[PDB]
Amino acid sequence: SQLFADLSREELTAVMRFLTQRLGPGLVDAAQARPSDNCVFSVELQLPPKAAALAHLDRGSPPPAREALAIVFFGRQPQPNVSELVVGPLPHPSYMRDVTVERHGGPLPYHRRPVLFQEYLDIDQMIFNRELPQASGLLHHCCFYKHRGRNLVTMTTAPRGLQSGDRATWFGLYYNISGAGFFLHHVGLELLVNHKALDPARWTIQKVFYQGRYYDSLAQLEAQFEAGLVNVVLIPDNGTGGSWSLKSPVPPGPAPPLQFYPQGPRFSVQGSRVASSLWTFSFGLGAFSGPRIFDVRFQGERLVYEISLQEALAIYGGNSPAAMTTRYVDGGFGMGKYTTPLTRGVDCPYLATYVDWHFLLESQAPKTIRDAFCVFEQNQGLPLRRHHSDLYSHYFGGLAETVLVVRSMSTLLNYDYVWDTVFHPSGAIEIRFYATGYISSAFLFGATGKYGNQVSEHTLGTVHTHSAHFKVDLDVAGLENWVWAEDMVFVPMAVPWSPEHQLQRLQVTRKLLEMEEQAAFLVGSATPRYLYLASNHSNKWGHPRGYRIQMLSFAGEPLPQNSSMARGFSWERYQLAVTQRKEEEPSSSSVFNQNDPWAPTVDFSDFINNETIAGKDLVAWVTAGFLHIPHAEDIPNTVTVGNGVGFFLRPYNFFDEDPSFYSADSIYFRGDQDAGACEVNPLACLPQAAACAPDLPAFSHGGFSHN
């Protein structure tokens, strides 16, 4: 009976058929509609309100209605409109509601709609068949043209235009590499396209870029080339390793270290609920916001209503226009939408339990992305804790750290983003993310070096920053929370017993924060060392029951406030902020900012405002990221090592004593026992590890949906 559980195939098949009948016709499958059509872009879970939800959970109350959110594209009509419509209740839908207005204020400018597959495709279409053949000449001598342009292929960018309501997208051309990253094979050609018009047939090419010069059309370029005024240089079709491959040329070795659970796995999962000895939670994946978990309960007490990914950012600098304009708000494509199957044994431990995911986006029928999350429990080869006494008393006590883990990955164009949430035995929670995949590359010539590093022959690794945003709804000891800030200080001070003769005196600096703007820290200026959300309540020794936040962020220096685009993602400007949780401030960003961020559909900076945070339902907003100047060793992919970024939620006089103390798996003995005695040291046991070892599930793979 869970209510944070993403929608089933049956629930979607159910909502869709409800929409369809009750939107008359005019209705087209989003899959292949033109701008001028009506179509259903997204049907996905609508989150419930916190009040009714807890009421339901912690007090028997019947559960709040189970509702869905349909994003609908209203092409056909002279006031073309994107409407967010709520549909309910599930499982048998019977109502529908244009929230659009009351959500944002207006209705939605039809140009904030993100580009459909059909649209993307009609654009390629025009390029490959109207436009490109006007330089068939140049592109022969440049880069192997023939006969139409099956050898080449394009990539989206940025926001699309320079001011609000533009729909003007730069595209690069890359050799259509077979079985590797095309992303590294930028041909040197970039095309600004104007697909704003509802009639694609009215679409344009506002500008063109080749080898450092701008033009106003393709044929105008070719003209110039033919005039002999342009040193074309041939740019290799194929090659060897790294750039050109992902297949390792070396053969496989001895097999690598493998973890197994000698007697059963010690967690379980049905639905989207996970249950372990210590931990409990629901989980899932918003189409746009992506990963998230709910009702996280440790030994049965709830710590967080919700932790969810809000948004992700990538901001470039560059030689070319496409790159120097490009700033992706990847949520405006969808981490849900673009999530990929976990390849058993590589993305996750071989023996993880892998879960499927369902969606109805840009289609009329629901679909599954297999092996979309994995859950598992992992040994770190670290002790959680450990003491060894050879002084005064001879004994040892310690405990190895196992950990529980939930992972999804979202492959976005070139990047593969890894999303981690990690549940510790100490009661702590670690959220972490990693950038892998391939990188975004430009073509090389001259200016380079202010904008990055030749990472390959002809290829420029464009500089950029990654950044990411998390909503963190801690309900430390129940809802009313305060926010505290302890740091340290030294104080010059004569030494009591002999004062002349001074001593630097270490001291704590505790301090409460009433107002939103005190608890709101921008990149650049310093966090206090200890910062946590406390409760009204006290632990046993008389301290406010706390949970500390602790970031691991390397601070991609953020886009100037000064910029017109800025307010489309002003969360990048903050490391940490805290806020009065409101039902109608449910997100940092939104899908509709990607395409018009000059007029942001959501603007975070608003959430901060005079308001008090002495004893309210708080919510913290954590921002995490780093600067990525590419280098040769991002070839082919960029590795995870030292790309960890996230933060820690940590008990802080929340408990009365570290709960590991009550661990099944801790170990103790004193010199004067037989340390190798089964009922003295549980490790002295184990002997026989099953009949023979892991019984491994035969390896499968998700597939390539749209496969």
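All residue numbers refer to positions in the sequence shown, first residue = 1. We call the rigid core whatever largest set of C-alpha positions still superposes within 1.5 Å between the two forms.
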property	result
Segment of greater CA departure in 8 other deposited structures of this protein, 225 to 233 or 627 to 635, core superposed	225 to 233
Between 37 to 45 and 23 to 31, larger RMS Cα displacement in 8 other deposited structures of this protein after core fit	23 to 31
Missing coords for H147 in a third or more of other PDB entries	yes
Mean Cα B-factor comparison, 141 to 149 or 173 to 181, giving the higher one as deposited	141 to 149
Top Cα B factor in the deposited entry, candidates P528, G427, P349, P630	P528
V463, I635, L234, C374, ranked by C-alpha B-factor: the highest one	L234
Chain third (lowest, middle, highest) by recorded CA B-factor, residue given as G642	middle
Record-listed C-alpha B factor of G542: chain third	middle
Cα B factor band for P651 (lowest, middle or highest third within the chain)	lowest
Entry-reported Cα temperature factor of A33, expressed as the chain third it lands in	middle
CA B-factor ranking of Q46, expressed as a third of its chain	lowest
